[PDB]
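S.K.: Attaching a single structure in structure tokens format; questions to follow.
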Amino acid sequence: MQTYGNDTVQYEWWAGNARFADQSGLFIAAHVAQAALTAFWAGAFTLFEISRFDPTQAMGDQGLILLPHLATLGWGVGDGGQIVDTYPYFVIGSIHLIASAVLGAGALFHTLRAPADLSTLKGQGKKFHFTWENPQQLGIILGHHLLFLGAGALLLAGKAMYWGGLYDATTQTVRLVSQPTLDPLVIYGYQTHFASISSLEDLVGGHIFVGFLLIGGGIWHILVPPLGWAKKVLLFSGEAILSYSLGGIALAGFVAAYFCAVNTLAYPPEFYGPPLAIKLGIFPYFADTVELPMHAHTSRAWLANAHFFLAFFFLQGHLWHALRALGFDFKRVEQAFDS
Amino acid sequence: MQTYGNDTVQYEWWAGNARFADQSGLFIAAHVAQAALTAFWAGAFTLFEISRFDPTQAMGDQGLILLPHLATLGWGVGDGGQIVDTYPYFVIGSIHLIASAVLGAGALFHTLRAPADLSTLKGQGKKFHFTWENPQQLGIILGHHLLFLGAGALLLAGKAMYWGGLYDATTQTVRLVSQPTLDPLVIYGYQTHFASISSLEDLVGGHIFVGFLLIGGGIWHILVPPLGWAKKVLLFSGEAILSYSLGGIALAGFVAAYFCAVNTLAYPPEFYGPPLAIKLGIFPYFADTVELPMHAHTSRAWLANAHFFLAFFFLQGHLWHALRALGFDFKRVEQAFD
Amino acid sequence: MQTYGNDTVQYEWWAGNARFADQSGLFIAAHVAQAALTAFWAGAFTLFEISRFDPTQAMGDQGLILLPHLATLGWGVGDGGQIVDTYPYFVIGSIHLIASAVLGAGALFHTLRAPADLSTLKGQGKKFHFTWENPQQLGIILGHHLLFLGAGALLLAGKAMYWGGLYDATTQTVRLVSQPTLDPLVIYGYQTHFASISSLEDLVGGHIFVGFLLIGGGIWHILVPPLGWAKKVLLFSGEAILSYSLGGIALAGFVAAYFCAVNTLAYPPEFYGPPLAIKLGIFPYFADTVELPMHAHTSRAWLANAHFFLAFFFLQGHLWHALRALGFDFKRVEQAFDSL
Amino acid sequence: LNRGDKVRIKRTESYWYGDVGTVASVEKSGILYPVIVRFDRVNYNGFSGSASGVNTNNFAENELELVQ
Amino acid sequence: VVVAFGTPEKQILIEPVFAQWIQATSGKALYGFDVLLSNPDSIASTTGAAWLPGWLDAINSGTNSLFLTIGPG
Amino acid sequence: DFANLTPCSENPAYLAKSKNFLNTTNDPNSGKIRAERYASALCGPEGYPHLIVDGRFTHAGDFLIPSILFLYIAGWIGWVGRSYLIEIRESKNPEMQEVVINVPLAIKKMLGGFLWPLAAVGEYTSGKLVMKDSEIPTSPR
Ligand code: CLA
Ligand code: CLA
Ligand code: CLA
Ligand code: CLA
Ligand code: CLA
Ligand SMILES: CC1=C(/C=C/C(C)=C/C=C/C(C)=C\C=C\C=C(C)\C=C\C=C(C)\C=C\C2=C(C)CCCC2(C)C)C(C)(C)CCC1
């Protein structure tokens with residue numbers, strides 16, 4: 001949090017989520033419940049889209065966003081690019097919905113049974129207590145999350161080179177990839193044409209090198225603390241670390257909005273729809289190049305236009321918290337307009 | 001049962017079923033009367049379904065829910081999957097109606113003749129007295145209830161292998177399942193495709209494994225008290241033991257609603273209806289595959305959609321009673337909004 | 001600013017931008033955010049015009065003013081005024097808009113992490129502290145900005161001679177300027193027909209001798225402090241340097257409005273539209289020869305008419321800040337009407 | 001009360017019942033209503049068409065609650 | 001004013017949807033709402049009430065003033 | 001469902017009357033643009049657009065977008081008139097500020113009224129929006 005020289009900050013109910021930012025036990029309970037709500041949406045709205053799925057016509061014109069994702073992974077997909085099985089969508093939707101109940105229970109555990117501060121706890125709760133101005137503990141938290149993000153990227157390469165197999169948007173079939181690229185020189189060249197790659201070997205081999213980078217970066221943040229140059233350059237407040245995450249995920253949201261609109265490999269036109277035209281106006285919006293009637297929208301225009309608008313307002317939330325971390329009151333704005 | 005920092009807390013009449021939680025004699029009286037009401041529903045509505053059964057059309061389209069359970073067991077299904085005699089359905093609902101008066105006798109015995117608390121009793125009434133702090137007494141109760149549930153699951157496999165067998169859907173008639181299933185990896189591999197259990201031999205050997213495990217846990221809980229790690233992680237409150245059973249029976253209600261909708265063996269289409277697609281809307285529901293001529297629903301969908309709402313509201317009732325057991329009074333939420 | 005001898009003048013909210021005058025750190029943050037806002041308009045309205053452009057019509061008929069600027073500069077024209085590339089306009093409109101985010105970040109840096117006065121800190125940044133009484137420091141700023149504007153004029157020389165070329169409206173092609181005219185006699189002779197030019201070698205050669213002039217003057221202002229005659233004739237106050245720049249940018253706004261209306265080399269008729277007739281009703285406006293239907297105006301007639309009205313009111317803003325730098329209290333106009 | 005020291009009128013029949021009035025002076029001379037209370041809102045007073053009413057009225061100490 | 005100015009299509013005309021819905025819940029299927037008594041498959045329609053064949057005939061004939069058709073006026 | 005209504009693109013009374021729409025403004029194709037815009041609405045028996053206000057998001061432009069646009073502006077006019085009236089009552093002569101407007105104070109309040117919903121929520125939480133009923137001049141019953 002930002003104190004503004006006040007030891008006892010109050011916060012009203014509309015800013016009531018700021019009350020537990022110094023409470024490490026209740027910090028878990030609001031994030032596991034966020035992960036409970038996130039896994040519930042991946043669970044309930046996969047099954048919501050199963051009830052609103054028709055084998056006639058693609059998922060793009062039906063306004064579905066989750067069954068296009070699992071079909072590109074290569075689940076329940078026919079050899080002609082159609083959908084033949086709604087049961088692999090049902091299993092993945094059931095696993096996410098049941099794990100939401102496990103996360104929904106464990107957040108209620110940390111709300112009620114576990115203390116608000118983990119410094120009171122003795123055992124393993126004592127080690128999990130974090131203060132916001134402890135850079136050694138903060139890298140332990142960051143390094144362990146980089147391992148699971150690295151293992152998540154390796155799981156995609158372990159699903160396409162192995163049991164599973166991704167979908168190919170060129171030959172319109174589900175193909176297990178064999179011998180992907182492993183050249184570090186050609187992956188440095190994909191910074192330019194990142195959104196028009198059109199190759200499963202580059203996508204999987206890209207996920208190997210970024211999977212090994214986050215695993216290799218995960219074991220560096222755990223073992224090595226912040227060196228001192230990062231403490232001098234960056235700020236280590238409660239809202240400062242959130243500011244870097246809000247701008248970091250806004251940059252990830254702007255690329256993901258751009259990657260959905262123009263790439264055909266990871267977003268096949270037989271599942272999502274035709275690649276969007278980057279229009280602009282009172283706001284940048286990726287419009288339909290095929291113009292579905294009755295304001296339907298091809299649901300590639302639902303990811304790409306929401307994840308720009310989400311990344312825009314998460315960039316403004318990044319600017320809100322970086323200003324508060326740097327020490328801007330925002331009551332000084334009204335004090336500039338006084339008599 | 002909770003005691004938020006005070007004793008002699010008097011409950012109102014709309015929450016009047018909370019006063020006798022410390023009364024052991026009245027605890028027996030309410031629960032056996034619930035079992036008297038449950039066995040009454042097993043008996044009186046079996047006769048109600050017999051009085052409203054027509055063998056001209058399909059059983060599942062009529063809206064009968066107790067009779068296809070007995071027809072799946074291998075009773076009255078001896079020729080072509082068509083009901084030709086209602087005497088096996090009459091003899092089952094008659095015993096349930098007889099046992100409802102037997103259970104209703106001892107329930108009103110315990111609220112009027114037996115004392116409300118059994119600590120004042122002598123002899124075997126002192127041994128039957130329980131409280132919501134004794135671990136070893138509750139393990140005696142839990143192990144004895146696990147023994148009858150294990151014997152209940154073994155009697156189904158005893159019926160299925162010695163006393164006629166069940167209705168096998170792959171041959172449309174009753175069949176003997178006298179060969180059992182013994183390999184535990186077949187059962188252990190059924191944590192993925194338990195819904196598509198198209199094998200009567202694998203189902204019967206599962207209930208042998210369930211019946212022998214539950215008598216294994218019945219012997220274990222009687223002869224060994226709850227340990228120190230179980231007391232540390234599980235709250236032994238009167239509301240808390242209810243809360244574990246509320247979520248435990250809600251998990252059972254969700255799985256039984258999943259078995260009801262999509263299975264073809266234990267819920268045959270000749271007696272229940274076609275298997276149901278798992279739709280979702282505002283709430284999840286199992287919509288009918290085919291339409292009905294009077295805007296009704298099949299008995300399989302009447303069982304599965306009601307058991308979904310019963311399991312969800314028992315999960316929410318588990319959430320009401322777990323937060324009350326831990327110490328959340330629900331007046332803290334309005335305490336912060338000021 | 002001007003305090004009229006009252007020293008601690010408290011400005012209200014409608015004149016709130018006068019508060020950070022004589023404050024070096026907030027002077028950077030207001031101007032970098034202006035450069036953030038200017039590069040944002042360059043970036044966003046290039047992509048706005050790309051999303052509105054169609055090659056079936058002319059560019060000037062659609063109200064497009066940023067795409068003909070890049071098309072004249074020697075970028076992806078199809079053949080003789082045809083426009084089929086659409087990608088180098090997207091590259092320029094994306095480079096300028098990412099650069100606005102970097103300038104938007106550096107403005108919030110100097111607002112918050114850097115202090116309001118640069119004299120408070122130490123290091124290399126304390127030499128960036130300027131006051132509105134120091135000729136040596138203000139000439140250092142002027143010399144480095146002349147070096148940037150001189151290199152910008154030489155960047156057109158390098159773009160036309162080497163990296164591509166410029167769109168020649170005479171030959172309907174984009175061509176390299178192989179032999180620019182480096183004769184100062186013909187460039188000094190272009191004081192009369194400056195806007196009647198038609199040769200790319202005269203345009204590029206005139207850009208070389210102003211690119212060397214601004215760089216040579218940029219080296220001159222950095223090394224040599226302002227002389228005693230310039231201190232006697234020019235007010236070195238806060239609002240006086242602004243009024244010199246407001247008069248200087250209004251003169252450039254009048255010349256650029258005159259270059260837009262009548263020139264065909266730097267404003268070709270294929271992209272901008274047909275040249276304008278300088279009419280005058282109650283104000284000097286620029287009207288087209290042929291009347292574009294549906295009450296629409298040519299994009300050349302949109303540039304030249306707006307850049308005259310901008311330059312007229314920036315001349316009026318120059319007159320507001322010159323008299324305030326001279327010493328006019330401007331409440332005397334009320335006091336003249338109070339006595340009358 | 002005392003001069004200054006704004007009070008709220010509890011006299012029900014008054015225009016200012018529930019309004020904040022400032023005590024102008026207290027005439028301790030055996031008066032039934034010795035407290036002059038001055039208001040910032042004039043009442044309904046005067047002949048029809050008058051632009052303002054009076055802002056002063058005498059009160060007793062039991063009709064006033066201190067709010068200052 | 002818009003009728004006077006030759007543009008009667010510019011009138012703000014609101015269909016009284018909430019009172020048309022109550023006409024549907026008593027049985028008038030003129031508005032296309034399938035609710036309660038206009039829907040023949042609801043529990044209110046299928047209860048076997050003896051008023052219902054006489055009531056539905058009178059509410060849908062239109063020759064009476066029982067439940068008149070209502071519009072923006 | 002609105003079976004008594006028809007879409008205006010398929011309404012025959014609208015189609016015979018949309019070809020004679022009068023030009024409201026100086027644009028000679030004003031009635032043809034109104035013929036295209038009013039074709040998406042729901043028309044009655046004589047081809048006029050019948051608006052639906054029940055809350056359907058298909059007809060959100062019929063009432064809800066006019067509702068959001070009105071309540072923002074009317075909440076803006078009400079808030080900056082309330083905030084001006086609170087500000088001027090702390091002065092030496094609060095009466096003259098209503099008949100003779102403190103115009104730079106009025107412009108300062110009016111431009112700040114774009115964040116009136118976050119300000120009205122904040123003043124409701126602070127208790128300055130709503131006065132206590134025992135602190136109000138009250139009729140003698
Ligand atoms: C409506 C039926 C009914 C009710 C509620 C009563 C009531 C009573 N009987 Mg019983 N009784 C009945 C039928 C009933 N009986 C019949 C048919 C038999 C012969 C088989 C007996 C034989 C009998 C004996 C041998 C004794 C009693 C006695 C008693 C009392 C204690 C309960 C008990 O142990 O025996 C209950 C016995 C039953 C068979 C229970 C049948 C009740 C079923 C479940 C009907 C459902 C209840 C109905 C809705 C009425 C509700 C009333 C109540 C809940 C307010 C209780 C007040 C005791 C006594 O000493 O009383 C003087 C006792 O020792 N009764
Ligand atoms: C990962 C997200 C993240 C995190 C963890 C935080 C965390 C927090 N922020 Mg926030 N912030 C962020 C993103 C983030 N923010 C973004 C995206 C915005 C830009 C809009 C901001 C702007 C911002 C402001 C303006 C404020 C904070 C403040 C707060 C604090 C308390 C807020 C509270 O009580 O919420 C309570 C939640 C509500 C009252 C709910 C409001 C719901 C809004 C009106 C609608 C949003 C959803 C809408 C329906 C759209 C959904 C789209 C979807 C369907 C696709 C807390 C530190 C406060 C602060 O300074 O701390 C003291 C504060 O005043 N934040
Ligand atoms: C195995 C079931 C179980 C058990 C034994 C308990 C036990 C207890 N509950 Mg309950 N609880 C559970 C499940 C359970 N509950 C569920 C499923 C819910 C979620 C709805 C809750 C939510 C809950 C609340 C909200 C409260 C309790 C409380 C109570 C206590 C008194 C209740 C009383 O007097 O009833 C009185 C009963 C009535 C007045 C009748 C109400 C009937 C409603 C309207 C439902 C009617 C049926 C409905 C139409 C559905 C029909 C289904 C169809 C198939 C027939 C008691 C200790 C109270 C407590 O502990 O506070 C001290 C309390 O306030 N319970
Ligand atoms: C490079 C531009 C430049 C610079 C940096 C300054 C800087 C300054 N001037 Mg300004 N001035 C200039 C140009 C410049 N001016 C121009 C062009 C005008 C002519 C109109 C003036 C006339 C002017 C006056 C009359 C005043 C100043 C004053 C000020 C000071 C405070 C300004 C403030 O807070 O207003 C903040 C801005 C507003 C409150 C907005 C006012 C609303 C107008 C109407 C906006 C115009 C809208 C217009 C339609 C824009 C669209 C154009 C086109 C696209 C259609 C500050 C030192 C003040 C002074 O003397 O210092 C104390 C003062 O009173 N200047
Ligand atoms: C900006 C000041 C303002 C505000 C916030 C209020 C607030 C209130 N008025 Mg209103 N009212 C005001 C002005 C104001 N009024 C004035 C100027 C008059 C004389 C015309 C009235 C006459 C009046 C009546 C007769 C009624 C209300 C009622 C009410 C309530 C319902 C809201 C509504 O729209 O009523 C409708 C309000 C009007 C039709 C009049 C609004 C007049 C203009 C449009 C308001 C703005 C004018 C002002 C000059 C702006 C100043 C700007 C500043 C920068 C200088 C609400 C408590 C009603 C009530 O008591 O319900 C609980 C009621 O019966 N008011
Ligand atoms: C949804 C919808 C609807 C409905 C509606 C409703 C029903 C509503 C309600 C509402 C209501 C029932 C409300 C109430 C309220 C109350 C109160 C209590 C209020 C208060 C208010 C206030 C307080 C105010 C204030 C202000 C502001 C805010 C601003 C300006 C100024 C003033 C001061 C005025 C309809 C059908 C139409 C249509 C469709 C949609």
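Identifiers in the structure tokens: chain A, B, ... in order shown; residue index from 1 per chain; ligand index from 1 in order shown.
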Please identify all protein, DNA and RNA residues within 6 Å of ligand 2, counting only C-alpha atoms and all ligand atoms, and report them as a VMD selection string.

M.R.: chain A and resid 14 to 18 313 to 314 316 to 317 320

S.K.: What residues in chain A have any atom no more than 8 Å from chain B when counting only C-alpha atoms, and can you write them as a CSV table (one decimal) with N, CA and C atoms, in the first residue's frame?

M.R.:
```csv
chain,number,residue,atom,x,y,z
A,12,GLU,N,-12.5,3.3,2.5
A,12,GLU,CA,-13.9,3.1,2.6
A,12,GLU,C,-14.3,1.7,2.0
A,13,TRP,N,-15.6,1.4,1.9
A,13,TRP,CA,-16.0,0.1,1.3
A,13,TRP,C,-15.8,0.0,-0.2
A,44,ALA,N,-17.7,-23.5,-16.2
A,44,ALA,CA,-19.1,-23.3,-16.5
A,44,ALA,C,-19.4,-22.8,-17.9
A,47,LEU,N,-19.1,-25.6,-20.5
A,47,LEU,CA,-20.3,-26.4,-20.6
A,47,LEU,C,-21.5,-25.5,-21.0
A,48,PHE,N,-21.5,-24.2,-20.8
A,48,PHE,CA,-22.5,-23.3,-21.4
A,48,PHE,C,-22.4,-23.3,-22.9
A,50,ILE,N,-21.2,-25.8,-24.7
A,50,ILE,CA,-21.6,-27.1,-25.2
A,50,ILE,C,-23.1,-27.2,-25.4
A,51,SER,N,-23.9,-26.6,-24.6
A,51,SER,CA,-25.4,-26.5,-24.7
A,51,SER,C,-25.8,-25.7,-25.9
A,112,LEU,N,-11.4,-17.9,6.8
A,112,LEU,CA,-11.9,-18.1,8.2
A,112,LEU,C,-10.8,-18.8,9.1
A,113,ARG,N,-10.3,-20.0,8.7
A,113,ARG,CA,-9.5,-20.8,9.6
A,113,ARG,C,-8.1,-20.2,9.7
```

S.K.: Quick one: residues within 12 Å of ligand 5, with only C-alpha atoms and all ligand atoms, as a PyMOL selection string?

M.R.: chain F and resi 70-71+73-88+97-113+116+120+129-131

S.K.: Please produce a file of the residues just selected, as a compact mmCIF listing (two decimals), in the first residue's frame, where the atoms kept are N, CA, C and O atoms.

M.R.:
```
# COMPACT_ATOMS: atom_id res chain seq x y z
N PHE F 70 -29.31 10.34 -20.73
CA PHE F 70 -30.01 11.38 -19.98
C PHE F 70 -29.53 11.47 -18.54
O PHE F 70 -29.29 12.57 -18.03
N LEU F 71 -29.45 10.32 -17.85
CA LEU F 71 -29.20 10.34 -16.41
C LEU F 71 -27.79 10.80 -16.10
O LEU F 71 -27.54 11.37 -15.03
N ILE F 73 -26.25 13.25 -17.96
CA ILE F 73 -26.30 14.71 -18.11
C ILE F 73 -27.17 15.34 -17.03
O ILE F 73 -26.81 16.37 -16.45
N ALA F 74 -28.33 14.74 -16.74
CA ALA F 74 -29.19 15.29 -15.70
C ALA F 74 -28.60 15.12 -14.32
O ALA F 74 -28.82 15.96 -13.44
N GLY F 75 -27.84 14.05 -14.10
CA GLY F 75 -27.04 13.97 -12.89
C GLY F 75 -25.90 14.96 -12.88
O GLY F 75 -25.47 15.39 -11.81
N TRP F 76 -25.40 15.34 -14.06
CA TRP F 76 -24.34 16.34 -14.14
C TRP F 76 -24.90 17.73 -13.81
O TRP F 76 -24.27 18.48 -13.06
N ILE F 77 -26.06 18.08 -14.37
CA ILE F 77 -26.69 19.37 -14.09
C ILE F 77 -27.09 19.48 -12.62
O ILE F 77 -26.88 20.52 -11.98
N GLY F 78 -27.65 18.41 -12.06
CA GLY F 78 -28.02 18.41 -10.66
C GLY F 78 -26.84 18.46 -9.71
O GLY F 78 -26.93 19.09 -8.65
N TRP F 79 -25.73 17.80 -10.05
CA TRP F 79 -24.60 17.78 -9.13
C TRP F 79 -23.86 19.11 -9.11
O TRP F 79 -23.49 19.60 -8.04
N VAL F 80 -23.63 19.70 -10.28
CA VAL F 80 -22.89 20.96 -10.31
C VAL F 80 -23.74 22.13 -9.85
O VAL F 80 -23.20 23.16 -9.44
N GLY F 81 -25.07 22.01 -9.90
CA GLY F 81 -25.91 23.00 -9.26
C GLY F 81 -25.97 22.82 -7.77
O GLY F 81 -26.10 23.81 -7.03
N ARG F 82 -25.89 21.58 -7.29
CA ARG F 82 -25.81 21.33 -5.86
C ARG F 82 -24.46 21.75 -5.30
O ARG F 82 -24.39 22.36 -4.23
N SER F 83 -23.38 21.45 -6.02
CA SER F 83 -22.04 21.76 -5.53
C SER F 83 -21.74 23.26 -5.58
O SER F 83 -20.95 23.76 -4.77
N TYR F 84 -22.34 23.97 -6.54
CA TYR F 84 -22.25 25.43 -6.53
C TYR F 84 -23.01 26.02 -5.35
O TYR F 84 -22.53 26.96 -4.71
N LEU F 85 -24.18 25.47 -5.05
CA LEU F 85 -25.04 26.01 -4.00
C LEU F 85 -24.46 25.78 -2.61
O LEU F 85 -24.67 26.59 -1.70
N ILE F 86 -23.74 24.67 -2.42
CA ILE F 86 -23.04 24.42 -1.17
C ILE F 86 -21.84 25.36 -1.03
O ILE F 86 -21.55 25.87 0.06
N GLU F 87 -21.13 25.60 -2.13
CA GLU F 87 -19.93 26.44 -2.09
C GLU F 87 -20.25 27.90 -1.82
O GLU F 87 -19.51 28.58 -1.10
N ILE F 88 -21.36 28.41 -2.38
CA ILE F 88 -21.69 29.82 -2.21
C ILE F 88 -22.36 30.13 -0.88
O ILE F 88 -22.43 31.31 -0.51
N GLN F 97 -25.05 35.50 -4.75
CA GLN F 97 -24.37 34.59 -5.66
C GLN F 97 -25.33 33.80 -6.54
O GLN F 97 -24.90 33.21 -7.53
N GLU F 98 -26.62 33.76 -6.19
CA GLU F 98 -27.61 33.09 -7.02
C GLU F 98 -28.21 34.02 -8.08
O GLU F 98 -28.46 33.58 -9.20
N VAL F 99 -28.45 35.28 -7.73
CA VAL F 99 -28.96 36.21 -8.73
C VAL F 99 -27.83 36.77 -9.59
O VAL F 99 -28.04 37.07 -10.77
N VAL F 100 -26.64 36.91 -9.03
CA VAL F 100 -25.45 37.32 -9.78
C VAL F 100 -24.48 36.16 -9.70
O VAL F 100 -23.83 35.95 -8.67
N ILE F 101 -24.36 35.41 -10.80
CA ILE F 101 -23.64 34.15 -10.81
C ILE F 101 -22.14 34.41 -10.70
O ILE F 101 -21.57 35.20 -11.46
N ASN F 102 -21.50 33.74 -9.74
CA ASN F 102 -20.04 33.67 -9.69
C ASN F 102 -19.61 32.74 -10.82
O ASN F 102 -19.50 31.52 -10.67
N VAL F 103 -19.39 33.35 -11.99
CA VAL F 103 -19.22 32.58 -13.23
C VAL F 103 -17.93 31.75 -13.27
O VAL F 103 -18.01 30.58 -13.66
N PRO F 104 -16.73 32.26 -12.88
CA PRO F 104 -15.58 31.34 -12.81
C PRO F 104 -15.70 30.23 -11.78
O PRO F 104 -15.11 29.17 -11.96
N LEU F 105 -16.46 30.45 -10.70
CA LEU F 105 -16.79 29.34 -9.80
C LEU F 105 -17.77 28.38 -10.45
O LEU F 105 -17.73 27.17 -10.18
N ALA F 106 -18.65 28.89 -11.32
CA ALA F 106 -19.63 28.03 -11.97
C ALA F 106 -18.99 27.16 -13.04
O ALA F 106 -19.33 25.98 -13.17
N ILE F 107 -18.05 27.71 -13.82
CA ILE F 107 -17.35 26.94 -14.85
C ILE F 107 -16.46 25.88 -14.20
O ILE F 107 -16.34 24.76 -14.71
N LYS F 108 -15.85 26.22 -13.06
CA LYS F 108 -15.01 25.27 -12.33
C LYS F 108 -15.82 24.10 -11.80
O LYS F 108 -15.35 22.95 -11.82
N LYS F 109 -17.04 24.35 -11.33
CA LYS F 109 -17.90 23.26 -10.88
C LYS F 109 -18.43 22.45 -12.06
O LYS F 109 -18.48 21.22 -11.98
N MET F 110 -18.82 23.12 -13.15
CA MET F 110 -19.48 22.45 -14.27
C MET F 110 -18.54 21.52 -15.02
O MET F 110 -18.96 20.45 -15.49
N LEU F 111 -17.27 21.90 -15.15
CA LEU F 111 -16.31 21.03 -15.82
C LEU F 111 -15.94 19.83 -14.95
O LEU F 111 -15.54 18.78 -15.48
N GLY F 112 -16.06 19.96 -13.63
CA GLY F 112 -15.80 18.86 -12.73
C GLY F 112 -16.94 17.90 -12.54
O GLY F 112 -16.81 16.94 -11.77
N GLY F 113 -18.07 18.12 -13.21
CA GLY F 113 -19.24 17.28 -13.09
C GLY F 113 -19.25 16.06 -13.97
O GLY F 113 -20.24 15.31 -13.96
N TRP F 116 -19.38 13.06 -11.67
CA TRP F 116 -20.46 13.09 -10.68
C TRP F 116 -20.89 11.73 -10.11
O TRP F 116 -21.30 11.73 -8.93
N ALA F 120 -21.00 11.41 -6.22
CA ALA F 120 -22.25 11.21 -5.48
C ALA F 120 -22.20 9.97 -4.61
O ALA F 120 -22.82 9.95 -3.54
N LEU F 129 -24.01 13.90 1.48
CA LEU F 129 -25.07 13.97 0.48
C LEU F 129 -26.44 14.11 1.14
O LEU F 129 -27.25 14.94 0.74
N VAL F 130 -26.70 13.31 2.17
CA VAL F 130 -28.01 13.24 2.81
C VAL F 130 -27.90 13.81 4.22
O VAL F 130 -27.08 13.35 5.02
N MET F 131 -28.73 14.80 4.51
CA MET F 131 -28.78 15.38 5.85
C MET F 131 -29.67 14.54 6.76
O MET F 131 -30.61 13.87 6.30
```

S.K.: Which residues are close to residue 233 (chain B), i.e. within 12 Å by only C-alpha atoms, leaving aside same-chain residues fewer than 3 positions away? Reply as a list in words.

M.R.: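 The residues that qualify are residues 109, 113 and 114 of chain A; 226, 227, 228, 229, 230, 236, 240 and 326 of chain B.
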
S.K.: Show me which residues sit within 8 Å of ligand 4 when counting only C-alpha atoms and all ligand atoms, and put them as a PyMOL selection string.

M.R.: chain C and resi 1+11+13-19+21+239+242+245-246+306+310+313-318+320-321+324

S.K.: How close does each residue of chain F get to chain D, giving the shortest atom pair and distance in Å to one decimal for every residue with an atom at most 10 Å away, counting only C-alpha atoms, sorted by chain and residue number, as CSV?

M.R.:
```
residue,atom,partner,partner_atom,distance
F:133,CA,D:18,CA,8.9
F:134,CA,D:18,CA,6.7
F:135,CA,D:18,CA,5.7
F:136,CA,D:18,CA,5.0
F:137,CA,D:18,CA,4.0
F:138,CA,D:17,CA,5.7
F:139,CA,D:17,CA,7.3
F:140,CA,D:12,CA,5.5
F:141,CA,D:12,CA,8.7
```

S.K.: Write the residues you've just listed into a file as a compact mmCIF listing (two decimals), in the first residue's frame, and include C-alpha atoms for each of them.

M.R.:
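Dumped to part21.txt:
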```txt
# COMPACT_ATOMS: atom_id res chain seq x y z
CA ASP F 133 -33.94 14.35 9.35
CA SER F 134 -33.69 15.78 12.89
CA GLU F 135 -31.35 18.53 11.59
CA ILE F 136 -33.85 19.89 9.04
CA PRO F 137 -36.52 22.62 9.37
CA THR F 138 -39.77 20.72 9.79
CA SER F 139 -43.48 21.53 9.58
CA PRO F 140 -45.51 21.67 12.85
CA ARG F 141 -47.60 18.58 11.84
```

S.K.: For region 110-113 of chain B, please output as a ChimeraX atom specification all residues within 12 Å (counting only C-alpha atoms; exclusion window: fewer than 4 positions along the same chain).

M.R.: /B:20,23-33,103-106,117-118,125

S.K.: Near residue 53 (chain D), counting only C-alpha atoms, which residues have an atom at most 6 Å away, once you skip same-chain residues fewer than 6 positions from it, shown as a list in words?

M.R.: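 So the residues in contact are residues 42, 43, 44 and 45 of chain D.
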
S.K.: Quick one: write out the picked residues with C-alpha atoms as a compact mmCIF listing (two decimals), in the first residue's frame?

M.R.:
```
# COMPACT_ATOMS: atom_id res chain seq x y z
CA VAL D 42 -36.36 34.86 7.09
CA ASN D 43 -39.82 33.51 7.83
CA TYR D 44 -43.27 34.05 6.36
CA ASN D 45 -43.84 37.60 7.56
```

S.K.: Between chain F and chain B, at 12 Å or less, what are the per-residue closest atom pairs and their distances in Å? Count only C-alpha atoms, order by chain and rising residue number, and return it as JSON lines.

M.R.:
```
{"residue": "F:124", "atom": "CA", "partner": "B:338", "partner_atom": "CA", "distance": 10.9}
{"residue": "F:125", "atom": "CA", "partner": "B:338", "partner_atom": "CA", "distance": 7.7}
{"residue": "F:126", "atom": "CA", "partner": "B:338", "partner_atom": "CA", "distance": 9.5}
{"residue": "F:127", "atom": "CA", "partner": "B:338", "partner_atom": "CA", "distance": 10.5}
```
